[PDB]
């Protein structure tokens, strides 16, 4: 259509890049995904020492004519903290920074699958219909934007149609469990002392329970859930629906990154069922986010937590709860006391006593 003092103009001019940085956030996603697609971290690691740009391009099957673009991509990734670069000719050479441990294929805790899963069309595309879903009232409505953009299908049904996407999700969860469980049994050692049995609800391939069982040789761990499963003498598996099937009895019931996927109604119903079972008393163990906890209250951590809340809002049916929200559920479910112990990775352990 048709078509301020200097100090104010400069201030506003200088404020723009903060906005650009926000709306160009997808550039971080896509640059990281490229690094993974190209196996950059692995190729550098295989080299065994800093690798010159030309040799890196060659190993990546990037034409020498495009090495300058590879160089710019590396500069971005160095800034993100994955790699380092130096110029040994008076021609950059690249090596690994500590954050790259999380990209290496050889590490069972690498984040490759979660990355591919997270930036997949399945999870990004629905956001272009988020405004419409938000404005949809109650027969065109769906539980979330994901379903809104997948003809009514929630993520679990889409997982059953898309084996690759499903595999990425599971591998991504398994990778996190590898690291989280090792931090959990160390940071929260006292929470496992005294137990003879634990049920790991949504425990999947048993990565969490394997570590508990190996660390605390007297705990009989049972994974209760809907690749080959981890083996341990004190680790077994039971098939079931946590919402509509009865949870096996044990000294402790564990929910690792599970309750965050669901809204208060089905969570409360399940907790009430857990309170009945756990009562001689056992205890509830929740390894998950307490959004406003002191241990993750710094702005960087809060930013990432809130980003997860948005991610979950779009494709799951849960959220990252505050202590107040958790405490209300515990109270309503009939539990009497809880104790929070920080673990790491934005998450804590909540022990809840019936």
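Residue numbers count along the first chain shown, from 1.
Trainee: Which fits the stretch between residue 226 and residue 227: none, 1 to 3, 4 to 9, or 10 or more deposited residues lacking coordinates?
Mentor: 4 to 9 residues are missing.
Trainee: Unmodelled stretch from the deposited sequence between residue 90 and residue 91, which bin: none, 1 to 3, 4 to 9, 10 or more?
Mentor: The entry has a gap there, with 4 to 9 residues left out between residue 90 and residue 91.
Trainee: So, looking at the entry's B-factor column for Cα atoms, which has the higher mean, 43 to 51 or 303 to 311?
Mentor: Between 303 to 311 and 43 to 51, it is 43 to 51 that shows the higher mean C-alpha B-factor.
Trainee: Higher average CA B factor in the deposited record is what I'm after, so tell me if that's 7 to 15 or 330 to 338.
Mentor: According to the PDB entry, the answer is 330 to 338.
Trainee: Which one, 214, 121, 261, 200, has the peak C-alpha temperature factor per the PDB entry?
Mentor: The listed residue with the largest C-alpha B-factor is 214.
Trainee: Kindly indicate the residue among 172, 81, 139, 126 with the greatest C-alpha B-factor in the PDB record.
Mentor: Result of the comparison over 172, 81, 139, 126: 139.
Trainee: Going by the CA temperature factor in the PDB record, which third of the chain does residue 71 belong to: lowest, middle or highest?
Mentor: Residue 71: CA B-factor falls in the lowest third of its chain.
Trainee: Looking at the C-alpha B-factor of residue 277, is it in the lowest, middle or highest third of its chain?
Mentor: Tercile = highest for this residue's CA B-factor.
Trainee: Among the modelled residues of its chain, does the C-alpha B-factor of residue 196 lie in the lowest, middle or highest third?
Mentor: Highest third of the chain for residue 196's C-alpha B-factor.
Trainee: Tell me, lowest, middle or highest third: where does the Cα B factor of residue 292 rank within its chain?
Mentor: Its C-alpha B-factor belongs to the middle third of this chain's values.
Trainee: With respect to C-alpha B-factor, does residue 179 fall in the lowest, middle or highest third of the chain as deposited?
Mentor: Middle third - that is where residue 179 ends up once the chain's C-alpha B-factors are sorted.
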